[PDB]
Each structure stands twice: as structure tokens, then as C-alpha cells.
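Shown next: upload_0.txt, given as compact mmCIF, C-alpha atoms.
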# COMPACT_ATOMS: atom_id res chain seq x y z
CA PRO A 44 0.00 0.00 0.00
CA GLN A 45 0.87 3.68 -0.14
CA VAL A 46 1.31 3.56 3.65
CA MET A 47 1.93 0.44 5.72
CA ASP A 48 -0.16 -0.68 8.71
CA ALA A 49 1.00 -1.05 12.30
CA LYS A 50 1.35 -4.51 13.80
CA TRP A 51 -0.73 -5.32 16.88
CA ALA A 52 -0.35 -7.92 19.62
CA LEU A 53 -1.74 -8.54 23.11
CA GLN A 54 0.31 -9.43 26.18
CA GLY A 55 -0.58 -10.67 29.63
CA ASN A 56 1.03 -9.37 32.81
CA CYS A 57 1.29 -11.17 36.14
CA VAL A 58 3.61 -11.40 39.13
CA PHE A 59 4.00 -14.34 41.50
CA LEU A 60 3.31 -13.24 45.07
CA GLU A 61 3.76 -15.34 48.18
CA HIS A 62 0.61 -17.31 49.02
CA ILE A 63 -0.08 -18.05 52.69
CA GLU A 64 -2.77 -20.60 53.64
CA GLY A 65 -6.24 -19.46 52.58
CA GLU A 66 -5.59 -15.96 51.26
CA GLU A 67 -6.90 -14.54 48.01
CA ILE A 68 -4.58 -14.32 45.00
CA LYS A 69 -4.30 -11.07 43.06
CA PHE A 70 -5.06 -11.27 39.35
CA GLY A 71 -2.96 -10.10 36.42
CA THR A 72 -3.56 -7.73 33.53
CA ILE A 73 -3.64 -7.76 29.73
CA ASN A 74 -2.28 -4.96 27.55
CA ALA A 75 -1.62 -4.32 23.87
CA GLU A 76 1.20 -2.65 21.97
CA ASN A 77 1.45 -1.45 18.39
CA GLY A 78 4.37 -0.94 16.05
CA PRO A 79 5.10 2.10 13.92
CA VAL A 80 4.12 2.82 10.32
CA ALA A 81 6.17 3.27 7.15
CA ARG A 82 5.38 4.64 3.71
CA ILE A 83 6.84 4.41 0.21
CA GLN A 84 7.39 7.27 -2.24
CA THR A 85 7.94 7.52 -6.01
CA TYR A 86 10.96 8.72 -7.98
CA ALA A 87 11.59 9.21 -11.69
CA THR A 88 13.85 10.92 -14.21
CA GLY A 89 14.06 10.82 -17.99
CA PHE A 90 15.51 12.26 -21.18
CA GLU A 91 14.27 13.85 -24.40
CA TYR A 92 16.22 13.45 -27.62
CA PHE G 3 35.88 10.47 -11.71
CA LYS G 4 37.79 11.23 -8.52
CA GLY G 5 41.50 10.52 -8.64
CA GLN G 6 41.46 10.11 -12.40
CA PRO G 7 44.91 9.57 -13.96
CA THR G 8 44.62 12.32 -16.62
CA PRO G 9 42.96 15.77 -16.47
CA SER G 10 39.99 15.08 -18.74
CA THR G 11 38.14 18.29 -19.56
CA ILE G 12 34.34 18.23 -19.25
CA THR G 13 32.13 19.96 -21.84
CA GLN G 14 28.50 20.68 -20.96
CA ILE G 15 25.95 20.27 -23.74
CA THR G 16 23.30 22.94 -23.23
CA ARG G 17 19.65 22.09 -22.69
CA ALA G 18 16.48 24.09 -22.04
CA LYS G 19 13.37 21.90 -21.79
CA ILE G 20 13.45 20.65 -18.20
CA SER G 21 9.95 19.12 -18.09
CA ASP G 22 6.63 18.94 -19.89
CA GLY G 23 5.14 21.71 -17.74
CA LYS G 24 1.90 19.86 -17.03
CA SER G 25 2.36 20.47 -13.29
CA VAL G 26 4.57 22.44 -10.91
CA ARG G 27 5.79 21.81 -7.37
CA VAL G 28 5.02 24.58 -4.89
CA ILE G 29 5.78 25.21 -1.21
CA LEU G 30 2.84 25.84 1.09
CA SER G 31 2.78 29.18 2.88
CA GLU G 32 1.74 29.63 6.52
CA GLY G 33 -2.02 30.13 6.28
CA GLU G 34 -2.58 27.58 3.52
CA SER G 35 -3.49 23.91 3.25
CA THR G 36 -4.74 21.86 0.32
CA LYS G 37 -6.77 18.70 -0.25
CA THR G 38 -6.54 16.65 -3.40
CA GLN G 39 -8.50 17.60 -6.54
CA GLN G 40 -9.29 21.16 -5.47
CA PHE G 41 -8.19 24.44 -7.01
CA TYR G 42 -5.75 26.74 -5.24
CA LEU G 43 -3.67 29.82 -6.04
CA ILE G 44 -0.29 29.22 -4.37
CA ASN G 45 2.73 31.36 -5.27
CA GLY G 46 1.03 32.79 -8.34
CA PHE G 47 0.19 29.38 -9.84
CA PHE G 48 -3.46 28.40 -10.20
CA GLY G 49 -4.21 24.73 -10.67
CA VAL G 50 -5.55 21.50 -9.27
CA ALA G 51 -3.67 20.17 -6.25
CA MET G 52 -2.75 16.51 -6.81
CA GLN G 53 -1.65 15.85 -3.21
CA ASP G 54 -2.97 16.67 0.26
CA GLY G 55 -0.66 19.41 1.50
CA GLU G 56 -0.98 20.37 5.16
CA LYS G 57 1.53 23.11 6.06
CA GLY G 58 5.01 24.22 5.02
CA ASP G 59 5.40 21.21 2.69
CA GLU G 60 5.69 20.70 -1.06
CA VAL G 61 2.62 20.05 -3.23
CA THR G 62 2.04 19.74 -6.98
CA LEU G 63 -0.46 21.85 -8.91
CA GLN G 64 -1.84 20.86 -12.32
CA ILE G 65 -1.67 23.69 -14.88
CA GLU G 66 -2.36 21.56 -17.96
CA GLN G 67 -4.70 24.12 -19.62
CA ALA G 68 -7.25 21.31 -20.03
CA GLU G 69 -10.99 21.18 -19.37
CA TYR G 70 -11.78 20.90 -15.65
CA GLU G 71 -14.94 20.09 -13.70
CA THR G 72 -15.31 21.98 -10.44
CA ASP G 73 -17.73 22.97 -7.70
CA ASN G 74 -16.77 25.88 -5.40
CA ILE G 75 -18.46 28.63 -7.41
CA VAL G 76 -20.22 31.66 -5.97
CA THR G 77 -23.75 30.31 -6.35
CA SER G 78 -25.29 33.80 -6.35
CA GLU G 79 -23.90 34.52 -9.81
CA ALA G 80 -24.93 32.70 -12.98
CA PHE G 81 -22.13 31.24 -15.12
CA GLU G 82 -23.27 31.05 -18.73
CA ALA G 83 -21.07 29.19 -21.18
CA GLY G 84 -18.38 31.45 -22.61
CA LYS G 85 -18.11 33.85 -19.69
CA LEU G 86 -14.63 34.40 -18.31
CA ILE G 87 -14.03 32.80 -14.91
CA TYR G 88 -12.07 34.59 -12.19
CA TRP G 89 -10.56 33.33 -8.93
CA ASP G 90 -11.52 35.19 -5.74
CA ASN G 91 -8.52 34.48 -3.52
CA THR G 92 -10.22 36.06 -0.50
CA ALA G 93 -13.25 33.75 -0.60
CA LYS G 94 -11.49 30.83 -2.36
CA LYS G 95 -14.25 30.57 -4.96
CA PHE G 96 -14.82 31.10 -8.66
CA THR G 97 -16.57 34.23 -9.90
CA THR G 98 -17.22 36.25 -13.03
CA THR G 99 -16.30 39.54 -11.32
CA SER G 100 -13.16 41.14 -12.77
CA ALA G 101 -12.57 43.72 -10.02
CA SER G 102 -9.10 42.54 -8.99
CA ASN G 103 -9.39 38.74 -9.23
CA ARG G 104 -7.14 36.50 -11.31
CA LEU G 105 -8.38 35.40 -14.73
CA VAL G 106 -8.22 31.60 -14.66
CA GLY G 107 -10.62 30.19 -17.22
CA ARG G 108 -13.62 30.30 -19.52
CA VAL G 109 -16.80 28.29 -19.04
CA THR G 110 -17.81 25.49 -21.42
CA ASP G 111 -20.88 24.04 -19.66
CA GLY G 112 -23.20 26.51 -17.98
CA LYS G 113 -23.97 26.58 -14.28
CA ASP G 114 -26.16 23.52 -13.75
CA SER G 115 -28.45 22.72 -10.82
CA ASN G 116 -25.62 21.08 -8.86
CA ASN G 117 -23.45 24.24 -9.04
CA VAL G 118 -20.96 22.43 -11.30
CA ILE G 119 -18.95 24.17 -14.03
CA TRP G 120 -16.89 22.79 -16.90
CA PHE G 121 -14.25 25.32 -17.92
CA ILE G 122 -10.95 25.60 -19.79
CA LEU G 123 -7.99 26.52 -17.61
CA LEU G 124 -5.87 29.43 -18.82
CA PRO G 125 -2.08 29.88 -19.28
CA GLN G 126 -1.31 31.19 -15.75
CA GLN G 127 -0.90 34.87 -16.63
CA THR W 16 -12.99 11.84 -8.66
CA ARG W 17 -10.78 14.02 -10.87
CA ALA W 18 -11.10 17.70 -11.72
CA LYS W 19 -9.74 17.06 -15.22
CA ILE W 20 -12.46 15.51 -17.39
CA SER W 21 -10.96 16.01 -20.85
CA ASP W 22 -7.76 17.32 -22.37
CA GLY W 23 -9.54 20.49 -23.52
CA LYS W 24 -8.48 20.16 -27.15
CA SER W 25 -12.14 20.50 -28.19
CA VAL W 26 -15.17 22.18 -26.62
CA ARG W 27 -18.88 21.73 -27.29
CA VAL W 28 -21.21 24.67 -27.92
CA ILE W 29 -24.86 25.26 -28.82
CA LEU W 30 -25.75 27.32 -31.87
CA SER W 31 -27.96 30.36 -31.36
CA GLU W 32 -30.73 31.59 -33.67
CA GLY W 33 -28.37 33.80 -35.71
CA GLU W 34 -25.51 31.32 -36.12
CA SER W 35 -24.76 28.50 -38.56
CA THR W 36 -21.49 26.59 -38.94
CA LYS W 37 -20.09 24.35 -41.67
CA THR W 38 -17.35 21.77 -41.37
CA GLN W 39 -13.73 22.89 -40.94
CA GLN W 40 -14.19 26.65 -40.76
CA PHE W 41 -13.56 29.27 -38.10
CA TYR W 42 -16.51 30.44 -36.01
CA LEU W 43 -16.67 32.53 -32.84
CA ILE W 44 -19.48 30.88 -30.87
CA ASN W 45 -20.22 31.63 -27.20
CA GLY W 46 -16.86 33.27 -26.61
CA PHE W 47 -14.92 30.30 -28.05
CA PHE W 48 -13.00 30.73 -31.30
CA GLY W 49 -12.27 27.44 -33.01
CA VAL W 50 -12.67 25.15 -36.00
CA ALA W 51 -16.05 23.43 -36.14
CA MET W 52 -15.88 19.67 -36.70
CA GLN W 53 -19.59 19.41 -37.62
CA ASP W 54 -22.03 21.18 -39.92
CA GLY W 55 -24.37 22.88 -37.46
CA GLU W 56 -27.86 24.37 -37.66
CA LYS W 57 -29.86 26.55 -35.24
CA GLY W 58 -30.00 25.15 -31.73
CA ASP W 59 -27.70 22.26 -32.68
CA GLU W 60 -24.62 21.04 -30.82
CA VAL W 61 -21.20 21.25 -32.51
CA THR W 62 -17.62 20.75 -31.35
CA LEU W 63 -14.94 23.40 -31.85
CA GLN W 64 -11.15 23.07 -31.81
CA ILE W 65 -9.10 25.16 -29.36
CA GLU W 66 -6.01 22.98 -29.76
CA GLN W 67 -3.40 25.82 -29.77
CA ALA W 68 -2.32 24.29 -33.08
CA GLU W 69 -1.00 25.77 -36.30
CA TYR W 70 -3.98 26.36 -38.58
CA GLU W 71 -4.35 27.04 -42.30
CA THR W 72 -6.91 29.48 -43.66
CA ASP W 73 -7.56 31.88 -46.53
CA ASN W 74 -10.64 33.50 -44.92
CA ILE W 75 -8.80 36.81 -44.55
CA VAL W 76 -9.25 40.42 -45.55
CA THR W 77 -7.06 40.71 -48.64
CA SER W 78 -6.16 44.39 -48.21
CA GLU W 79 -3.05 44.29 -45.99
CA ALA W 80 0.02 42.08 -45.87
CA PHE W 81 0.01 39.38 -43.18
CA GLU W 82 3.77 39.29 -42.73
CA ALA W 83 4.99 36.56 -40.41
CA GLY W 84 4.89 37.35 -36.70
CA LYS W 85 2.05 39.87 -36.87
CA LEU W 86 -0.89 39.18 -34.58
CA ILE W 87 -4.11 37.96 -36.20
CA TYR W 88 -7.42 39.41 -35.02
CA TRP W 89 -10.81 37.89 -35.81
CA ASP W 90 -13.55 40.30 -36.90
CA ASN W 91 -16.89 38.74 -36.01
CA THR W 92 -18.88 41.26 -38.07
CA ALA W 93 -17.14 40.61 -41.40
CA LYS W 94 -16.22 37.05 -40.29
CA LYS W 95 -12.60 37.38 -41.39
CA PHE W 96 -9.09 37.52 -40.00
CA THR W 97 -7.28 40.84 -39.96
CA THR W 98 -4.37 42.73 -38.43
CA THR W 99 -6.49 45.75 -37.50
CA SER W 100 -5.87 45.42 -33.74
CA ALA W 101 -9.16 47.27 -33.17
CA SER W 102 -11.93 46.02 -30.84
CA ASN W 103 -11.88 42.78 -32.88
CA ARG W 104 -10.86 39.73 -30.87
CA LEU W 105 -7.29 38.44 -30.81
CA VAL W 106 -7.00 34.85 -32.06
CA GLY W 107 -3.47 34.04 -33.25
CA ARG W 108 -0.12 34.95 -34.75
CA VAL W 109 1.06 34.38 -38.31
CA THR W 110 3.70 31.70 -38.86
CA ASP W 111 3.82 31.89 -42.68
CA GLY W 112 2.98 35.07 -44.56
CA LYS W 113 0.27 35.42 -47.16
CA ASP W 114 1.02 33.86 -50.54
CA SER W 115 -0.37 34.77 -53.97
CA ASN W 116 -3.40 32.61 -53.16
CA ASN W 117 -3.98 34.55 -49.90
CA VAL W 118 -3.38 31.57 -47.60
CA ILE W 119 -2.24 32.03 -44.00
CA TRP W 120 -0.65 29.71 -41.46
CA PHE W 121 -1.12 30.90 -37.89
CA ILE W 122 -1.06 29.57 -34.33
CA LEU W 123 -4.25 29.65 -32.28
CA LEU W 124 -4.36 31.31 -28.86
CA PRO W 125 -5.86 30.20 -25.54
CA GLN W 126 -9.09 32.25 -25.71
CA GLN W 127 -8.11 34.73 -22.98

Spell out the structure here as C-alpha cells.
Amino acid sequence: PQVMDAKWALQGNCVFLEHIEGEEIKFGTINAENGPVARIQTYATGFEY
Amino acid sequence: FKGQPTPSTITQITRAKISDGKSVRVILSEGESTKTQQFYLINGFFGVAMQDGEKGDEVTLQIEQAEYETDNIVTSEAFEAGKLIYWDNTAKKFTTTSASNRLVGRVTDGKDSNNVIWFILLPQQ
Amino acid sequence: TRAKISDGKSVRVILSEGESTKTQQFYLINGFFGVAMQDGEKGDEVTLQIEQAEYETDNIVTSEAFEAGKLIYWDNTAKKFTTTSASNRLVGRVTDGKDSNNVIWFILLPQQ
């Protein structure tokens, strides 16, 4: 295309905490990141004779 | 050729025609911005902008002297075929008034119901 | 969408009640001066040529020399070319001067 499209991808996040007997565990999180974009131009030269 | 063994003289063969002249690159001023396929008067050149210029960048204007279809006419006035078209740079619209506007074309198809004109672009005088 | 719809080499017009055009002749119709490609009648549609091309014609006033380079003005009243430079409309410039047959080669102009 005239201009590219950014890549996308999801990622989970979690940390292992100490667990003592019957406590409640704390959940993790999900987040997304996106890449950058690039574009392509045109060039040309010629001659007349 | 850098570091050539012998001092070879270079002779330039003259040339004049740099391009066909169908279009010209122009640099946007401060209070200007263009969208594609719309007429603008930028640095004295009136033509159809082929690229979406935003600010302080380079855009190409078509000055082909061909027949062009365009809205953006002062709808109050009536544009009969054959009347000279003028460009009102203050309002950014076409008009038949020759007070101080720039002469930019002549109408072929009269002002229809949709406020659409077919006109022949002029030589950028 | 594109603003350009045609190259502008030819333009259509509609003949009025006092106008009539025959093929391959010069006619000033609705502010356009060109060569009609059709034989037209009242209220009919014809196509003119505004091609900025070199054009041949003998439909001139034969009183003054059309030496090469002189501007050519079209007199709608007499329907002839001339170098008067009066209120008549400007239409071209001579490339080849008039010959014994009173034939002119001239370059059309952009209808300004």
C-alpha cells in the first residue's frame, strides 16, 4: 500500500506473590502494543532526444 | 571520476526543456493547506492540487490548460457558457467579477443545478 | 474523482438563432473561437477546436500584408481575420505570410 499498517499484539502481565494458607490471589492484567508505520514514495527521471 | 589519472576536460551540452510543464511543485505558505483535486492559487500558480498538502510542505499543482470540472463557485452569480471565470482568492471561490481577481478560465458548460462548471484553464498569466 | 475531465483540445457549444457553422471553418461561438468539426444548424450542438495548433486558412481580408509574426485578429462582423488590432478579438499569430493565393498559417491562442 501507499502507507503500511501497524502490527498489533496482546500481552498478559502477572507477578507471582507469596501465598499463605487461605488468602486470596491477586489477578494479572492484559495490555496491547502497536508498532510504527512506514510509507513508500515515487521517484523518476528521464531524457528527451 | 575522482583521482582520475589524466585531467579530462568536461564539456557541458546545453539544454532548455526541463519538463513537460503539465504540473509544478510549490511550497505551502503559513495560512494555507490543500486537499486533493481542489483548485488553489499558491505562489502565483493556479491549478488542481494533486496531493494533500498540510503546512510548510511541497505540493504539486496541475496547470495543464485542459478542461476541468469543479464545484466551489459563488452560487449567487450565474455562469453562462463562454463567460470568463475569475478566482476570488479572499473567498477561495470562482466568480465572473473582474474587479481585482485573477483570470483563470472560460466556461464550457453553464452553471447547472448542482453548481458544477466545466471550464478551460488558462495559461497562468 | 478528478477535476480534469478532458484534455480540452475540443469544446462543445450550442448554436444560437443567428448562427450557422459548416465543417472545418472558423466560427466565434459563445466566446470560443475554433474550428467546427460538424455542420451545425440553429440550436444544434457542434464541437470546436481550441487545440493551440498551427492552422491554415484563406478567410482573410485581402487588403493588408500578413507578414509573419504579426498578430491575427478575428472580426466577427465581417467574419474574417485581420491585423487591424481594433476592438476585434485576438485569435493568433502568423507563422507563414500570405502567398499569392492569400493563404495564411497561424497559431491559435488560448481564448483569454

Chain G near chain A within 12 Å: what's each residue's closest atom pair and its distance in Å to one decimal, counting only C-alpha atoms, ordered by chain then ascending residue number, as CSV?
residue,atom,partner,partner_atom,distance
G:17,CA,A:91,CA,10.0
G:18,CA,A:91,CA,10.7
G:19,CA,A:91,CA,8.5
G:20,CA,A:90,CA,9.1
G:21,CA,A:89,CA,9.3
G:22,CA,A:91,CA,10.2

Selection to disk with C-alpha atoms, as a PDB file, in the frame of the given file:
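The result, stored in part_25.pdb:
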ATOM      1  CA  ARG G  17      19.650  22.090 -22.690  1.00  0.00           C
ATOM      2  CA  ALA G  18      16.480  24.090 -22.040  1.00  0.00           C
ATOM      3  CA  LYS G  19      13.370  21.900 -21.790  1.00  0.00           C
ATOM      4  CA  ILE G  20      13.450  20.650 -18.200  1.00  0.00           C
ATOM      5  CA  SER G  21       9.950  19.120 -18.090  1.00  0.00           C
ATOM      6  CA  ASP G  22       6.630  18.940 -19.890  1.00  0.00           C
TER       7      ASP G  22
END

Problem set entry | Selected residue, from G:16, G:126, G:39, G:98, that lies nearest to chain W when counting all atoms listed in the file |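 Once distances to chain W are computed over all atoms listed in the file, the minimum belongs to G:39.
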
Problem set entry | Residue among G:34, G:79, G:59, G:111 lying closest to chain W, counting only C-alpha atoms |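 Comparing G:34, G:79, G:59, G:111 against chain W, the winner is G:111.
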
Problem set entry | Protein and nucleic acid residues near (-8.0, 28.3, -11.9) (cut-off 10 Å, only C-alpha atoms) as a PyMOL selection string | chain G and resi 40-43+47-50+64-65+67+70+72+87-90+95-96+104-108+121-126

Take the selection from the previous step and output its residues with C-alpha atoms, as a JSON list (two decimals), keeping the file's coordinate frame.
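Produced file result.json, reproduced below:
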[["chain", "number", "residue", "atom", "x", "y", "z"],
["G", 40, "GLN", "CA", -9.29, 21.16, -5.47],
["G", 41, "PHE", "CA", -8.19, 24.44, -7.01],
["G", 42, "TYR", "CA", -5.75, 26.74, -5.24],
["G", 43, "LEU", "CA", -3.67, 29.82, -6.04],
["G", 47, "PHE", "CA", 0.19, 29.38, -9.84],
["G", 48, "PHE", "CA", -3.46, 28.40, -10.20],
["G", 49, "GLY", "CA", -4.21, 24.73, -10.67],
["G", 50, "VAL", "CA", -5.55, 21.50, -9.27],
["G", 64, "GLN", "CA", -1.84, 20.86, -12.32],
["G", 65, "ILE", "CA", -1.67, 23.69, -14.88],
["G", 67, "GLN", "CA", -4.70, 24.12, -19.62],
["G", 70, "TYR", "CA", -11.78, 20.90, -15.65],
["G", 72, "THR", "CA", -15.31, 21.98, -10.44],
["G", 87, "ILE", "CA", -14.03, 32.80, -14.91],
["G", 88, "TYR", "CA", -12.07, 34.59, -12.19],
["G", 89, "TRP", "CA", -10.56, 33.33, -8.93],
["G", 90, "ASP", "CA", -11.52, 35.19, -5.74],
["G", 95, "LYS", "CA", -14.25, 30.57, -4.96],
["G", 96, "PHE", "CA", -14.82, 31.10, -8.66],
["G", 104, "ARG", "CA", -7.14, 36.50, -11.31],
["G", 105, "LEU", "CA", -8.38, 35.40, -14.73],
["G", 106, "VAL", "CA", -8.22, 31.60, -14.66],
["G", 107, "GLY", "CA", -10.62, 30.19, -17.22],
["G", 108, "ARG", "CA", -13.62, 30.30, -19.52],
["G", 121, "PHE", "CA", -14.25, 25.32, -17.92],
["G", 122, "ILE", "CA", -10.95, 25.60, -19.79],
["G", 123, "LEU", "CA", -7.99, 26.52, -17.61],
["G", 124, "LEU", "CA", -5.87, 29.43, -18.82],
["G", 125, "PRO", "CA", -2.08, 29.88, -19.28],
["G", 126, "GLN", "CA", -1.31, 31.19, -15.75]]

For this session: Compare W:45, W:100, W:25, W:39 by their minimum atom-to-atom distance to chain G, counting only C-alpha atoms, and give me the closest one.
Result: W:45

For this session: One decimal, Å: what's the distance from CA of residue 85 (chain G) over to CA of residue 113 (chain G), could you say?
Result: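 About the pair CA of residue 85 (chain G) and CA of residue 113 (chain G): they are 10.8 Å apart.
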
Exercise. CA of residue 76 (chain G) and CA of residue 117 (chain G), how far apart in Å?
Worked result: 8.7 Å

Problem set entry | CA of residue 126 (chain W) to CA of residue 108 (chain W), straight-line distance in Å | 13.0 Å

Which chain W residues have any atom within 10 Å of an atom of chain G, and for each, what is the nearest pair of atoms with distance in Å to one decimal, counting only C-alpha atoms, rows sorted by chain and number, as JSON lines?
{"residue": "W:16", "atom": "CA", "partner": "G:39", "partner_atom": "CA", "distance": 7.6}
{"residue": "W:17", "atom": "CA", "partner": "G:39", "partner_atom": "CA", "distance": 6.1}
{"residue": "W:18", "atom": "CA", "partner": "G:71", "partner_atom": "CA", "distance": 4.9}
{"residue": "W:19", "atom": "CA", "partner": "G:70", "partner_atom": "CA", "distance": 4.4}
{"residue": "W:20", "atom": "CA", "partner": "G:70", "partner_atom": "CA", "distance": 5.7}
{"residue": "W:21", "atom": "CA", "partner": "G:69", "partner_atom": "CA", "distance": 5.4}
{"residue": "W:22", "atom": "CA", "partner": "G:68", "partner_atom": "CA", "distance": 4.7}
{"residue": "W:23", "atom": "CA", "partner": "G:68", "partner_atom": "CA", "distance": 4.3}
{"residue": "W:24", "atom": "CA", "partner": "G:68", "partner_atom": "CA", "distance": 7.3}
{"residue": "W:25", "atom": "CA", "partner": "G:69", "partner_atom": "CA", "distance": 8.9}
{"residue": "W:26", "atom": "CA", "partner": "G:110", "partner_atom": "CA", "distance": 6.7}
{"residue": "W:27", "atom": "CA", "partner": "G:110", "partner_atom": "CA", "distance": 7.1}
{"residue": "W:28", "atom": "CA", "partner": "G:110", "partner_atom": "CA", "distance": 7.4}
{"residue": "W:29", "atom": "CA", "partner": "G:83", "partner_atom": "CA", "distance": 9.4}
{"residue": "W:44", "atom": "CA", "partner": "G:84", "partner_atom": "CA", "distance": 8.4}
{"residue": "W:45", "atom": "CA", "partner": "G:84", "partner_atom": "CA", "distance": 4.9}
{"residue": "W:46", "atom": "CA", "partner": "G:84", "partner_atom": "CA", "distance": 4.7}
{"residue": "W:47", "atom": "CA", "partner": "G:84", "partner_atom": "CA", "distance": 6.5}
{"residue": "W:65", "atom": "CA", "partner": "G:122", "partner_atom": "CA", "distance": 9.8}
{"residue": "W:66", "atom": "CA", "partner": "G:68", "partner_atom": "CA", "distance": 9.9}
{"residue": "W:124", "atom": "CA", "partner": "G:125", "partner_atom": "CA", "distance": 10.0}
{"residue": "W:125", "atom": "CA", "partner": "G:124", "partner_atom": "CA", "distance": 6.8}
{"residue": "W:126", "atom": "CA", "partner": "G:108", "partner_atom": "CA", "distance": 7.9}
{"residue": "W:127", "atom": "CA", "partner": "G:124", "partner_atom": "CA", "distance": 7.1}

Problem set entry | Protein, DNA and RNA residues within 12 Å of (3.0, -3.0, 18.4), only C-alpha atoms, as number ranges by chain | A: 48-54, 74-80
